[PDB]
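Source file: entry.cif (mmCIF, N, CA and C atoms)
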```cif
data_query
loop_
_atom_site.label_atom_id
_atom_site.label_comp_id
_atom_site.auth_asym_id
_atom_site.auth_seq_id
_atom_site.Cartn_x
_atom_site.Cartn_y
_atom_site.Cartn_z
N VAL A 341 39.96 91.43 52.42
CA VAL A 341 38.74 91.91 53.06
C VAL A 341 38.92 92.28 54.52
N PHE A 342 40.02 91.87 55.16
CA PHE A 342 40.31 92.41 56.49
C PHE A 342 41.07 93.73 56.41
N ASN A 343 41.89 93.91 55.38
CA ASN A 343 42.68 95.12 55.20
C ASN A 343 42.16 96.00 54.06
N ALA A 344 40.85 95.99 53.82
CA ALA A 344 40.27 96.80 52.77
C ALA A 344 40.15 98.26 53.22
N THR A 345 39.81 99.12 52.26
CA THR A 345 39.73 100.56 52.52
C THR A 345 38.35 100.97 53.03
N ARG A 346 37.29 100.64 52.30
CA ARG A 346 35.94 101.01 52.67
C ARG A 346 35.06 99.76 52.70
N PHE A 347 34.12 99.74 53.64
CA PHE A 347 33.18 98.63 53.78
C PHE A 347 31.78 99.11 53.43
N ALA A 348 30.90 98.16 53.17
CA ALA A 348 29.52 98.45 52.81
C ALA A 348 28.65 98.46 54.06
N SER A 349 27.34 98.54 53.88
CA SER A 349 26.37 98.58 54.96
C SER A 349 25.40 97.42 54.83
N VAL A 350 24.36 97.43 55.66
CA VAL A 350 23.34 96.37 55.62
C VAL A 350 22.30 96.59 54.53
N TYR A 351 22.32 97.74 53.86
CA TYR A 351 21.39 98.00 52.77
C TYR A 351 21.94 97.55 51.43
N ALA A 352 23.21 97.84 51.15
CA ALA A 352 23.90 97.37 49.96
C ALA A 352 24.93 96.34 50.40
N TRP A 353 24.72 95.09 50.01
CA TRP A 353 25.51 93.98 50.52
C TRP A 353 26.63 93.61 49.55
N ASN A 354 27.80 93.31 50.11
CA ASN A 354 28.97 92.91 49.34
C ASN A 354 29.13 91.40 49.36
N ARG A 355 29.42 90.83 48.19
CA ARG A 355 29.60 89.39 48.03
C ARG A 355 30.92 89.14 47.33
N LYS A 356 31.71 88.21 47.85
CA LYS A 356 32.99 87.85 47.24
C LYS A 356 33.15 86.34 47.26
N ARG A 357 33.25 85.74 46.08
CA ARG A 357 33.42 84.30 45.95
C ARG A 357 34.91 83.97 45.91
N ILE A 358 35.36 83.11 46.83
CA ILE A 358 36.76 82.73 46.96
C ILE A 358 36.87 81.23 46.78
N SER A 359 37.75 80.80 45.87
CA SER A 359 37.93 79.38 45.59
C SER A 359 39.32 79.15 45.02
N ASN A 360 39.69 77.86 44.98
CA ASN A 360 40.92 77.36 44.33
C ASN A 360 42.18 77.97 44.93
N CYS A 361 42.36 77.79 46.24
CA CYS A 361 43.54 78.29 46.93
C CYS A 361 43.77 77.47 48.19
N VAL A 362 44.73 77.93 49.00
CA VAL A 362 45.09 77.28 50.26
C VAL A 362 45.06 78.34 51.36
N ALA A 363 44.25 78.10 52.38
CA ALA A 363 44.00 79.07 53.44
C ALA A 363 44.71 78.66 54.72
N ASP A 364 44.46 79.43 55.78
CA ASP A 364 44.99 79.15 57.11
C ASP A 364 43.99 79.74 58.10
N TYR A 365 43.22 78.88 58.75
CA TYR A 365 42.22 79.31 59.72
C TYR A 365 42.76 79.43 61.13
N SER A 366 44.04 79.10 61.35
CA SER A 366 44.62 79.23 62.68
C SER A 366 44.98 80.67 63.01
N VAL A 367 45.31 81.47 62.00
CA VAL A 367 45.71 82.86 62.23
C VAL A 367 44.52 83.79 62.45
N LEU A 368 43.30 83.31 62.23
CA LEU A 368 42.11 84.13 62.39
C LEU A 368 41.52 84.07 63.79
N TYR A 369 42.13 83.31 64.70
CA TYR A 369 41.59 83.14 66.04
C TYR A 369 42.57 83.51 67.15
N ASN A 370 43.88 83.40 66.91
CA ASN A 370 44.86 83.75 67.93
C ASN A 370 45.30 85.20 67.86
N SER A 371 45.06 85.87 66.73
CA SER A 371 45.44 87.27 66.59
C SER A 371 44.48 88.16 67.37
N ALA A 372 45.03 89.13 68.11
CA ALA A 372 44.23 90.04 68.93
C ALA A 372 43.69 91.17 68.06
N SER A 373 42.69 90.82 67.25
CA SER A 373 42.04 91.78 66.36
C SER A 373 40.52 91.71 66.39
N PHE A 374 39.93 90.69 67.01
CA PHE A 374 38.49 90.51 67.06
C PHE A 374 38.07 90.17 68.49
N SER A 375 36.77 90.14 68.72
CA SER A 375 36.23 89.81 70.03
C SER A 375 35.24 88.65 69.99
N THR A 376 34.41 88.57 68.96
CA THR A 376 33.46 87.47 68.79
C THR A 376 33.86 86.68 67.55
N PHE A 377 34.29 85.44 67.76
CA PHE A 377 34.63 84.52 66.67
C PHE A 377 33.89 83.21 66.84
N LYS A 378 32.67 83.27 67.38
CA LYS A 378 31.89 82.08 67.65
C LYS A 378 31.28 81.53 66.36
N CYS A 379 31.11 80.22 66.30
CA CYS A 379 30.64 79.53 65.11
C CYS A 379 29.36 78.77 65.40
N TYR A 380 28.77 78.21 64.34
CA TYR A 380 27.48 77.54 64.41
C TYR A 380 27.54 76.06 64.06
N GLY A 381 28.10 75.72 62.91
CA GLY A 381 28.06 74.34 62.45
C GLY A 381 29.37 73.59 62.55
N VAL A 382 30.49 74.29 62.39
CA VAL A 382 31.81 73.68 62.39
C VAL A 382 32.59 74.22 63.58
N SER A 383 33.28 73.32 64.29
CA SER A 383 34.16 73.72 65.37
C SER A 383 35.35 74.50 64.82
N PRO A 384 35.84 75.50 65.56
CA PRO A 384 36.96 76.30 65.04
C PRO A 384 38.28 75.55 64.97
N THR A 385 38.49 74.58 65.86
CA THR A 385 39.73 73.80 65.82
C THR A 385 39.74 72.82 64.65
N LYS A 386 38.57 72.28 64.29
CA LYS A 386 38.47 71.30 63.22
C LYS A 386 38.38 71.92 61.83
N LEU A 387 38.57 73.23 61.70
CA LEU A 387 38.47 73.88 60.40
C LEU A 387 39.69 73.62 59.53
N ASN A 388 40.82 73.26 60.14
CA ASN A 388 42.06 73.09 59.40
C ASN A 388 42.13 71.77 58.64
N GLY B 971 16.68 63.48 62.47
CA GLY B 971 16.74 64.79 63.09
C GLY B 971 18.13 65.33 63.35
N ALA B 972 19.17 64.62 62.94
CA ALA B 972 20.54 65.07 63.17
C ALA B 972 21.03 65.85 61.95
N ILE B 973 22.33 66.17 61.93
CA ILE B 973 22.89 66.93 60.82
C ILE B 973 23.17 66.01 59.63
N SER B 974 23.77 64.85 59.88
CA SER B 974 24.09 63.91 58.82
C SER B 974 23.97 62.50 59.36
N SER B 975 24.01 61.53 58.44
CA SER B 975 23.87 60.13 58.80
C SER B 975 25.21 59.45 59.09
N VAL B 976 26.30 59.95 58.53
CA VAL B 976 27.62 59.36 58.75
C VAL B 976 28.14 59.79 60.12
N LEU B 977 28.57 58.82 60.92
CA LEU B 977 29.14 59.14 62.23
C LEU B 977 30.51 59.79 62.13
N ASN B 978 31.24 59.54 61.04
CA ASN B 978 32.53 60.19 60.83
C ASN B 978 32.38 61.65 60.43
N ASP B 979 31.23 62.04 59.89
CA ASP B 979 30.99 63.43 59.51
C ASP B 979 30.70 64.32 60.70
N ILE B 980 30.21 63.76 61.80
CA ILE B 980 29.88 64.58 62.97
C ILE B 980 31.07 64.74 63.90
N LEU B 981 31.93 63.72 64.00
CA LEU B 981 33.09 63.81 64.88
C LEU B 981 34.17 64.73 64.31
N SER B 982 34.23 64.87 62.99
CA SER B 982 35.23 65.70 62.33
C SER B 982 34.73 67.12 62.06
N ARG B 983 33.59 67.51 62.62
CA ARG B 983 33.06 68.86 62.45
C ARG B 983 32.76 69.52 63.79
N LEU B 984 32.32 68.73 64.76
CA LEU B 984 31.72 69.26 65.98
C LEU B 984 32.65 69.03 67.16
N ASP B 985 32.49 69.87 68.17
CA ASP B 985 33.19 69.69 69.43
C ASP B 985 32.44 68.66 70.28
N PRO B 986 33.16 67.88 71.09
CA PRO B 986 32.54 66.72 71.79
C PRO B 986 31.49 67.09 72.83
N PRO B 987 31.48 68.30 73.43
CA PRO B 987 30.25 68.72 74.12
C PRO B 987 29.03 68.93 73.22
N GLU B 988 29.21 69.17 71.92
CA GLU B 988 28.08 69.31 71.01
C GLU B 988 27.86 68.08 70.14
N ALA B 989 28.93 67.33 69.83
CA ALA B 989 28.82 66.14 69.00
C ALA B 989 28.11 64.99 69.71
N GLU B 990 28.01 65.03 71.04
CA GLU B 990 27.30 63.99 71.77
C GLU B 990 25.80 64.08 71.54
N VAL B 991 25.28 65.29 71.27
CA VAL B 991 23.84 65.47 71.09
C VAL B 991 23.40 64.90 69.75
N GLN B 992 24.18 65.15 68.69
CA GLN B 992 23.80 64.65 67.37
C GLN B 992 24.03 63.15 67.24
N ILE B 993 24.96 62.60 68.01
CA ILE B 993 25.17 61.15 68.01
C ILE B 993 24.03 60.45 68.74
N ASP B 994 23.56 61.04 69.85
CA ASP B 994 22.49 60.45 70.64
C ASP B 994 21.15 60.42 69.91
N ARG B 995 20.95 61.29 68.92
CA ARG B 995 19.77 61.20 68.08
C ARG B 995 19.85 60.05 67.09
N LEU B 996 21.06 59.59 66.76
CA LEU B 996 21.24 58.47 65.84
C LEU B 996 21.22 57.13 66.55
N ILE B 997 21.58 57.09 67.83
CA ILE B 997 21.55 55.83 68.58
C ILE B 997 20.11 55.43 68.88
N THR B 998 19.27 56.39 69.28
CA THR B 998 17.87 56.09 69.57
C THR B 998 17.09 55.79 68.30
N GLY B 999 17.43 56.45 67.19
CA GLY B 999 16.74 56.18 65.94
C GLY B 999 17.11 54.85 65.32
N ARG B 1000 18.30 54.33 65.63
CA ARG B 1000 18.72 53.04 65.11
C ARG B 1000 18.43 51.88 66.06
N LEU B 1001 18.18 52.17 67.34
CA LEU B 1001 17.78 51.11 68.27
C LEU B 1001 16.34 50.68 68.05
N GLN B 1002 15.46 51.61 67.66
CA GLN B 1002 14.08 51.26 67.34
C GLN B 1002 13.95 50.54 66.01
N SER B 1003 14.93 50.71 65.11
CA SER B 1003 14.92 49.96 63.86
C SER B 1003 15.32 48.50 64.07
N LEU B 1004 16.14 48.22 65.08
CA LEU B 1004 16.53 46.85 65.37
C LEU B 1004 15.46 46.11 66.16
N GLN B 1005 14.75 46.81 67.05
CA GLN B 1005 13.70 46.17 67.83
C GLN B 1005 12.47 45.83 67.00
N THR B 1006 12.26 46.53 65.88
CA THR B 1006 11.16 46.18 64.99
C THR B 1006 11.48 44.92 64.20
N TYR B 1007 12.75 44.71 63.85
CA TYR B 1007 13.14 43.54 63.07
C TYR B 1007 13.08 42.27 63.90
N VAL B 1008 13.41 42.35 65.19
CA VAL B 1008 13.37 41.18 66.05
C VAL B 1008 11.93 40.82 66.40
N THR B 1009 11.08 41.83 66.61
CA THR B 1009 9.69 41.58 66.97
C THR B 1009 8.90 41.03 65.78
N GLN B 1010 9.19 41.52 64.57
CA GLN B 1010 8.50 41.02 63.38
C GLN B 1010 8.97 39.62 63.00
N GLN B 1011 10.19 39.24 63.39
CA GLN B 1011 10.70 37.91 63.11
C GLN B 1011 10.32 36.89 64.17
N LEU B 1012 9.88 37.33 65.35
CA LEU B 1012 9.41 36.41 66.37
C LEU B 1012 7.98 35.95 66.12
N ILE B 1013 7.21 36.70 65.34
CA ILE B 1013 5.89 36.26 64.93
C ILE B 1013 5.96 35.35 63.70
N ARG B 1014 6.92 35.60 62.80
CA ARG B 1014 7.12 34.72 61.66
C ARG B 1014 7.72 33.38 62.09
N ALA B 1015 8.47 33.37 63.20
CA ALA B 1015 8.99 32.11 63.71
C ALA B 1015 7.90 31.27 64.36
N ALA B 1016 6.85 31.92 64.89
CA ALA B 1016 5.72 31.19 65.45
C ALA B 1016 4.77 30.71 64.36
N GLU B 1017 4.72 31.40 63.22
CA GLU B 1017 3.91 30.94 62.11
C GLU B 1017 4.55 29.74 61.43
N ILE B 1018 5.88 29.74 61.30
CA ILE B 1018 6.58 28.60 60.71
C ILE B 1018 6.70 27.44 61.68
N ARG B 1019 6.45 27.66 62.97
CA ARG B 1019 6.44 26.57 63.94
C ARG B 1019 5.15 25.76 63.85
N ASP C 389 21.19 71.52 102.74
CA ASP C 389 20.64 70.26 103.24
C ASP C 389 21.52 69.06 102.90
N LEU C 390 22.24 69.14 101.79
CA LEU C 390 23.14 68.08 101.37
C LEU C 390 24.57 68.62 101.32
N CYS C 391 25.53 67.70 101.32
CA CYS C 391 26.93 68.08 101.33
C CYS C 391 27.78 66.98 100.71
N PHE C 392 29.06 67.29 100.54
CA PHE C 392 30.03 66.42 99.90
C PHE C 392 31.23 66.22 100.82
N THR C 393 32.26 65.56 100.29
CA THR C 393 33.43 65.22 101.10
C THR C 393 34.30 66.45 101.35
N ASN C 394 34.82 67.05 100.28
CA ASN C 394 35.71 68.19 100.42
C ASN C 394 35.55 69.14 99.24
N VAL C 395 35.90 70.40 99.46
CA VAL C 395 35.84 71.43 98.43
C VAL C 395 37.26 71.86 98.09
N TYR C 396 37.44 72.33 96.86
CA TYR C 396 38.72 72.81 96.37
C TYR C 396 38.64 74.31 96.15
N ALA C 397 39.78 74.99 96.25
CA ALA C 397 39.84 76.45 96.18
C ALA C 397 40.96 76.87 95.24
N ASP C 398 40.63 77.10 93.97
CA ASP C 398 41.55 77.68 93.00
C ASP C 398 41.21 79.15 92.82
N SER C 399 42.23 80.01 92.85
CA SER C 399 42.02 81.45 92.84
C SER C 399 43.02 82.12 91.92
N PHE C 400 42.52 82.97 91.03
CA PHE C 400 43.35 83.76 90.13
C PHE C 400 42.60 85.04 89.78
N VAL C 401 43.21 85.86 88.93
CA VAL C 401 42.61 87.11 88.48
C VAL C 401 42.53 87.11 86.96
N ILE C 402 41.52 87.79 86.44
CA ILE C 402 41.29 87.89 85.00
C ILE C 402 40.96 89.33 84.64
N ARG C 403 40.68 89.57 83.36
CA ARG C 403 40.26 90.89 82.91
C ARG C 403 38.75 91.04 83.06
N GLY C 404 38.21 92.15 82.56
CA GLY C 404 36.80 92.42 82.72
C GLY C 404 35.90 91.62 81.80
N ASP C 405 36.38 91.29 80.60
CA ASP C 405 35.58 90.56 79.63
C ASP C 405 35.83 89.06 79.65
N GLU C 406 36.75 88.58 80.48
CA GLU C 406 37.10 87.17 80.51
C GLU C 406 36.36 86.39 81.58
N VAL C 407 35.25 86.93 82.09
CA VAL C 407 34.40 86.17 83.01
C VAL C 407 33.71 85.04 82.26
N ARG C 408 33.38 85.26 80.99
CA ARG C 408 32.72 84.27 80.15
C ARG C 408 33.64 83.09 79.81
N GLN C 409 34.96 83.27 79.91
CA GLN C 409 35.89 82.21 79.52
C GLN C 409 35.94 81.08 80.55
N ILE C 410 35.84 81.39 81.84
CA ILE C 410 35.87 80.36 82.88
C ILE C 410 34.45 79.80 82.95
N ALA C 411 34.22 78.75 82.16
CA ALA C 411 32.94 78.05 82.05
C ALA C 411 33.20 76.72 81.38
N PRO C 412 32.52 75.64 81.78
CA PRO C 412 32.85 74.31 81.25
C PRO C 412 32.32 74.11 79.84
N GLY C 413 33.20 73.65 78.94
CA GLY C 413 32.77 73.18 77.64
C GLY C 413 33.35 73.89 76.43
N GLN C 414 33.44 75.21 76.46
CA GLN C 414 33.89 75.94 75.29
C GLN C 414 35.36 76.37 75.42
N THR C 415 35.85 77.00 74.36
CA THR C 415 37.24 77.44 74.26
C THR C 415 37.32 78.96 74.34
N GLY C 416 38.55 79.46 74.25
CA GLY C 416 38.77 80.89 74.29
C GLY C 416 40.24 81.20 74.30
N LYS C 417 40.60 82.32 74.93
CA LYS C 417 42.01 82.64 75.13
C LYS C 417 42.52 82.03 76.43
N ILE C 418 41.74 82.15 77.50
CA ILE C 418 42.12 81.54 78.77
C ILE C 418 41.92 80.03 78.72
N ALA C 419 40.85 79.58 78.06
CA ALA C 419 40.51 78.16 78.01
C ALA C 419 41.42 77.35 77.10
N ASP C 420 42.28 77.99 76.31
CA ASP C 420 43.18 77.28 75.41
C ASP C 420 44.63 77.33 75.86
N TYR C 421 45.02 78.34 76.64
CA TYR C 421 46.43 78.51 76.99
C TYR C 421 46.67 78.54 78.49
N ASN C 422 45.70 79.02 79.27
CA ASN C 422 45.93 79.32 80.68
C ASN C 422 45.16 78.41 81.63
N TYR C 423 43.83 78.35 81.52
CA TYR C 423 43.03 77.63 82.51
C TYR C 423 41.75 77.13 81.85
N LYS C 424 41.51 75.82 81.93
CA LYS C 424 40.33 75.20 81.33
C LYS C 424 39.73 74.21 82.31
N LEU C 425 38.38 74.21 82.41
CA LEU C 425 37.57 73.32 83.23
C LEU C 425 37.05 72.15 82.41
N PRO C 426 36.94 70.96 83.00
CA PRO C 426 36.44 69.80 82.25
C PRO C 426 34.94 69.87 82.02
N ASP C 427 34.46 68.92 81.22
CA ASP C 427 33.05 68.88 80.85
C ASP C 427 32.16 68.42 81.99
N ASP C 428 32.64 67.50 82.83
CA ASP C 428 31.88 66.98 83.95
C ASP C 428 32.20 67.71 85.25
N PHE C 429 32.53 68.99 85.17
CA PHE C 429 32.87 69.77 86.35
C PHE C 429 31.61 70.13 87.12
N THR C 430 31.46 69.56 88.31
CA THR C 430 30.36 69.88 89.21
C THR C 430 30.88 70.86 90.27
N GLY C 431 30.25 72.02 90.33
CA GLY C 431 30.75 73.13 91.11
C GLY C 431 30.56 74.41 90.32
N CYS C 432 30.93 75.52 90.95
CA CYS C 432 30.75 76.81 90.30
C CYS C 432 31.70 77.85 90.85
N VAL C 433 31.83 78.94 90.09
CA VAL C 433 32.74 80.03 90.40
C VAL C 433 31.92 81.28 90.72
N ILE C 434 32.56 82.23 91.38
CA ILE C 434 31.93 83.49 91.75
C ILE C 434 32.95 84.62 91.55
N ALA C 435 32.51 85.71 90.93
CA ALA C 435 33.39 86.81 90.57
C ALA C 435 33.01 88.07 91.33
N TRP C 436 33.98 88.98 91.44
CA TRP C 436 33.78 90.27 92.10
C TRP C 436 34.71 91.30 91.48
N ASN C 437 34.18 92.50 91.24
CA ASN C 437 34.96 93.56 90.62
C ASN C 437 35.93 94.16 91.63
#
```

structure tokens encoding of this file:
Amino acid sequence: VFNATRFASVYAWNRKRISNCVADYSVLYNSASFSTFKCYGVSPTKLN
Amino acid sequence: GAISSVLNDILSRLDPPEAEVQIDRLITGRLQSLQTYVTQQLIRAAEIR
Amino acid sequence: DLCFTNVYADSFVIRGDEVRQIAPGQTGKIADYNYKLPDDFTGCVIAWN
């Protein structure tokens, strides 16, 4: 979903259920690809 | 009024500038529960006296 | 009207969007690798283009 071809809009919403795997939340914050990565309920360091 | 009742659930989710606020809602809510038990038992101790 | 003992003077340069990073409490790119202020930091910074 970061390297996809086409994205949707706010009128037609895309949903993707992801489960049963092993992730890495450290690579989503140090890479210079975004500007706003602020969170609401969970701290970004404690996600791992 | 906090997020959860377990103190281990708030320290392992929140940053300590934010986790202090949810902990402080649990300290005040549990201090008034202890002061009601002591006050209600000081009148029962006078009735049994 | 009031004053303290002594003041400190730390000086560096940043980019245009990193003014928000020098602030007490949160993280970032500068706040994680380069320069971070504590939670009980009394004082303030001033920027100029």

> Mind listing as a VMD selection string which residues of chain B are within 7 Å of chain A, counting only C-alpha atoms?
Replying inline: chain B and resid 982 to 985

> For chain C, which residue among B:990, B:1002, B:1019, B:1010 is the nearest when counting only C-alpha atoms?
Replying inline: B:990

>> Using all atoms listed in the file and a cut-off of 8 Å, which residues of chain C sit close to chain B? Please list them as a PyMOL selection string.
In response: chain C and resi 413-414+427

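Evaluated against this file, the PyMOL selection byres ((chain A and resi 366-372) around 8) yields residues 363, 364, 365, 373, 374, 375, 377, 384, 385, 387 and 388 of chain A; 416 and 417 of chain C.
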
> Evaluating the PyMOL selection byres ((chain C and resi 422-426) around 7) on the displayed file yields which residues, as a PyMOL selection string?
Replying inline: chain C and resi 410-413+417-421+427-429

> Suppose you want the space between CA of residue 975 (chain B) and CA of residue 996 (chain B); what is it in Å?
Replying inline: 7.7 Å

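When atom C of residue 980 (chain B) is paired with atom N of residue 1004 (chain B), their separation reads 22.3 Å.
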
> Could you write out, as number ranges by chain, all the residues of chain C that DSSP marks as helix (DSSP H, G or I)?
Replying inline: C: 418-421

Would you mind writing region 348-365 of chain A with N, CA, C and O atoms, as a compact mmCIF listing (two decimals), in the coordinates of the input?
```txt
# COMPACT_ATOMS: atom_id res chain seq x y z
N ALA A 348 30.90 98.16 53.17
CA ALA A 348 29.52 98.45 52.81
C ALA A 348 28.65 98.46 54.06
O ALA A 348 29.14 98.39 55.19
N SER A 349 27.34 98.54 53.88
CA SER A 349 26.37 98.58 54.96
C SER A 349 25.40 97.42 54.83
O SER A 349 25.58 96.52 54.00
N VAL A 350 24.36 97.43 55.66
CA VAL A 350 23.34 96.37 55.62
C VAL A 350 22.30 96.59 54.53
O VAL A 350 21.47 95.71 54.30
N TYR A 351 22.32 97.74 53.86
CA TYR A 351 21.39 98.00 52.77
C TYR A 351 21.94 97.55 51.43
O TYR A 351 21.22 96.92 50.64
N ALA A 352 23.21 97.84 51.15
CA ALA A 352 23.90 97.37 49.96
C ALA A 352 24.93 96.34 50.40
O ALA A 352 25.89 96.69 51.10
N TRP A 353 24.72 95.09 50.01
CA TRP A 353 25.51 93.98 50.52
C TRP A 353 26.63 93.61 49.55
O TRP A 353 26.43 93.59 48.33
N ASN A 354 27.80 93.31 50.11
CA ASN A 354 28.97 92.91 49.34
C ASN A 354 29.13 91.40 49.36
O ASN A 354 29.01 90.76 50.41
N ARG A 355 29.42 90.83 48.19
CA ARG A 355 29.60 89.39 48.03
C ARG A 355 30.92 89.14 47.33
O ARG A 355 31.22 89.80 46.32
N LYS A 356 31.71 88.21 47.85
CA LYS A 356 32.99 87.85 47.24
C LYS A 356 33.15 86.34 47.26
O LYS A 356 33.17 85.73 48.34
N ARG A 357 33.25 85.74 46.08
CA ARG A 357 33.42 84.30 45.95
C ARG A 357 34.91 83.97 45.91
O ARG A 357 35.65 84.48 45.06
N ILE A 358 35.36 83.11 46.83
CA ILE A 358 36.76 82.73 46.96
C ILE A 358 36.87 81.23 46.78
O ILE A 358 36.17 80.46 47.45
N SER A 359 37.75 80.80 45.87
CA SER A 359 37.93 79.38 45.59
C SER A 359 39.32 79.15 45.02
O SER A 359 40.02 80.09 44.64
N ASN A 360 39.69 77.86 44.98
CA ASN A 360 40.92 77.36 44.33
C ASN A 360 42.18 77.97 44.93
O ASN A 360 43.00 78.57 44.23
N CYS A 361 42.36 77.79 46.24
CA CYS A 361 43.54 78.29 46.93
C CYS A 361 43.77 77.47 48.19
O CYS A 361 43.13 76.44 48.42
N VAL A 362 44.73 77.93 49.00
CA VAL A 362 45.09 77.28 50.26
C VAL A 362 45.06 78.34 51.36
O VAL A 362 45.77 79.35 51.27
N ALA A 363 44.25 78.10 52.38
CA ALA A 363 44.00 79.07 53.44
C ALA A 363 44.71 78.66 54.72
O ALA A 363 45.48 77.70 54.76
N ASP A 364 44.46 79.43 55.78
CA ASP A 364 44.99 79.15 57.11
C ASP A 364 43.99 79.74 58.10
O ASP A 364 43.92 80.97 58.26
N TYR A 365 43.22 78.88 58.75
CA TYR A 365 42.22 79.31 59.72
C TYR A 365 42.76 79.43 61.13
O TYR A 365 42.02 79.84 62.03
```
